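Report on the structure given below.
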Amino acid sequence: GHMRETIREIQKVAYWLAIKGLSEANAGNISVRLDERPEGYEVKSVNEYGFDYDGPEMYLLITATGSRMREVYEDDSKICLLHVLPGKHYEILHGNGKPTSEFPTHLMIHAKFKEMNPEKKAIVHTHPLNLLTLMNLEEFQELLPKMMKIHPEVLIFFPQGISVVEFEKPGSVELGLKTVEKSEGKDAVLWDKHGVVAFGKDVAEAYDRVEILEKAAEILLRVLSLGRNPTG
Numbered sequence: 193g194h195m196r197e198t199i200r201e202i203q204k205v206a207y208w209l210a211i212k213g214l215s216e217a218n219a220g221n222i223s224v225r226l227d228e229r230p231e232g233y234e235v236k237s238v239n240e241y242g243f244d245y246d247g248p249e250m251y252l253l254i255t256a257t258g259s260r261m262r263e264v265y266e267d268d269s270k271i272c273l274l275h276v277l278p279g280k281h282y283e284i285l286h287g288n289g290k291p292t293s294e295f296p297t298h299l300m301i302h303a304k305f306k307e308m309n310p311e312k313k314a315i316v317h318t319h320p321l322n323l324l325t326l327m328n329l330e331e332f333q334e335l336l337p338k339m340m341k342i343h344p345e346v347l348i349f350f351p352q353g354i355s356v357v358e359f360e361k362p363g364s365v366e367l368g369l370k371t372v373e374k375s376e377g378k379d380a381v382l383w384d385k386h387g388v389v390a391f392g393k394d395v396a397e398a399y400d401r402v403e404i405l406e407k408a409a410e411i412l413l414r415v416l417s418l419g420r421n422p423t424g
């Protein structure tokens, strides 16, 4: 049941996210794009995109609204299986509520990914403490570079590196469109002031990039905490 296992893969990530403090409260969502189609076909509900979707057809699993990682790892009812049909309607196959507010945003990256990089099927958005802390510094832009090579680990997972995105509207189509542009063949986008979003062949890989980015941020911050490295 390719889809039912994917769920476990998502739940496992939700757990690690919560246990390592990478995600708090309900600030954080995950989304995976299903390739084939759900075997246990079961339309429970139909809903309005709230906007006009004109991208290809797809099935995607995304955390529901109000969902907290310390919970979705336990209760799979907190994960939504959806069938994305052009037009203004999408249907709910699995879930107890409506997807997350930032569903629209994910939508956009997903659509483009399906066309652009079909390999990337997973998206993890969370608010890492250190990356957060780091983006609270005026001379933030001028650190990302040195931060991007604090240890090999980053280079590998981010051969091209990362890009920041001027955060305007929460879970808007725009946010997505914007994100996709900066996310050109890249594997991570930092929503300035609002955490990060990571992509990957699968959720586990997306999670792996969050961890790594965090570690680099954390290492950078401690080094600065002793006054020793290229600030300007």
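Residue 287 in the numbering used here sits at position 95 of the sequence shown, with consecutive numbering throughout. Note that beta-carbon positions come from the ideal geometry of N, C-alpha and C, so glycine has one too.
**Asked** Quick one: is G363 buried, meaning 16 or more other Cβ sit within 10 Å of its Cβ, or exposed?
**Response** The residue in question, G363, is buried, as its Cβ has 16 or more Cβ neighbours within 10 Å.
**Message:** Alpha carbons only, please: which of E410, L277, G392 is nearest the one belonging to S223?
**Reply:** With distances taken between Cα atoms, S223 lies closest to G392.
**Prompt:** Are there 16 or more other CB atoms within 10 angstroms of the CB of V235, so buried, or fewer, so exposed?
**Reply:** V235 should be labelled exposed.
**Request:** Give me whichever residues DSSP pairs with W383 in a beta bridge.
**Result:** DSSP output for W383 lists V357 as bridge partner(s).
**Asked** What distance in whole Å lies between the Cβ atoms of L382 and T297, which are believed to be in contact at a cut-off of 8 Å?
**Response** Actually they do not touch by this definition, with Cβ atoms about 14 Å apart.
**Prompt:** CB-CB under 6 Å to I411, same chain, minus the five flanking residues each way: which ones, in chain order?
**Reply:** Taken in chain order, the residues that qualify are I342.
**Prompt:** What separation, rounded to the nearest whole angstrom, lies between the Cα atoms of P320 and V389?
**Reply:** Approximately 10 Å, taken between the alpha carbons.
**Asked** From this set, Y207, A219, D379, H275, which residue's C-alpha is nearest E231's C-alpha?
**Response** For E231, the nearest C-alpha among the options comes from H275.
**Message:** Let me check understanding here. Comparing Cα to Cα, which of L253, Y282, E294, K280 lies closest to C272?
**Reply:** The shortest C-alpha separation from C272 is found at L253.
**Asked** Candidates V205, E201, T423: which alpha carbon is nearest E334's?
**Response** Of the residues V205, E201, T423, the one whose Cα lies closest to the Cα of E334 is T423.
**Message:** Applying the 10 Å Cβ sphere with the 16-neighbour rule, what's the burial state of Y233?
**Reply:** Exposed is the call here.
**Request:** Check whether the Cβ atoms of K280 and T257 sit closer than 9 Å, and answer yes or no.
**Result:** Contact flag unset, no.
**Message:** What does the alpha-carbon distance come out to for the pair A219 and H317?
**Reply:** Each residue's Cα considered, the two are about 8 Å apart.
**Asked** How many whole angstroms separate the CB atoms of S237 and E283, which I take to be in contact at a CB cut-off of 8 Å?
**Response** Confirmed, about 7 Å.
**Item:** Residue ranges of each beta strand (DSSP E) within the region 265 to 330, 3 or longer
**Value:** Within the region 265 to 330, the complete beta strand (DSSP E) runs of at least 3 residues are 271 to 276, 279 to 286, 314 to 318.
**Whole-Å CB distance - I354 paired with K378, under 8 Å assumed** = At roughly 6 Å, the Cβ-Cβ gap stays under 8 Å, so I354 and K378 are in contact.
**Prompt:** For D227 versus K313, is the C-beta distance shorter than 9 Å?
**Reply:** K313 sits close to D227, with the two beta carbons spaced by under 9 Å.
**Asked** Given that a residue counts as buried once 16 or more other Cβ atoms are within 10 Å of its Cβ, and exposed if not, what is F243?
**Response** With fewer than 16 Cβ atoms within 10 Å of its Cβ, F243 is classed as exposed.
**Item:** Nearest candidate by alpha-carbon position, reference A398, set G193, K361, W208, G247
**Value:** Cα-wise, what sits closest to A398 is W208.
**Asked** Measuring CB to CB, does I315 end up less than 9 Å from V372?
**Response** Cβ atoms of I315 and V372: not closer than 9 Å.
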